[PDB]
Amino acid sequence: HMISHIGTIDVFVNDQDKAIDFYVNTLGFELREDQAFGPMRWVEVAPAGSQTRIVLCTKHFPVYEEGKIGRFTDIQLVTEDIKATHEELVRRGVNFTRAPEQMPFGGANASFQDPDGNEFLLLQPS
């Protein structure tokens, strides 16, 4: 179809190397891209086998604005086992702003942050 899919969503970070370490080694994402360009570096990470990728943006990126590092990202990540994933991420040092919580809405959600305070929703669907 005309528009096939959502390719990427931007997440803004203070340090791409530190963020790559977080997203890949602690969250378990794949490092999808890491290519120099201007001074700029294009960094993409994504859950293994997933279609849409997160672009880890610094400033220099024309897409950035002040306030974009360390906000609620409005992104909802999906897990098949929120209990296990919560426990494992906490073990690796991840800050959960809200622990797993059963929903009326069926399934269960939680909220966590990356090291810059970028906040994600974590969902096990019904």
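Just count from 1 along the sequence shown to find any residue number.
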property: Mean C-alpha temperature factor, higher of 30-38 and 72-80; result: 30-38
property: 15-23 set against 110-118, stretch whose average Cα temperature factor tops the other in the entry; result: 15-23
property: Within-chain third of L89 by Cα B-factor, per the entry; result: lowest
property: CA B-factor ranking of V55, expressed as a third of its chain; result: lowest
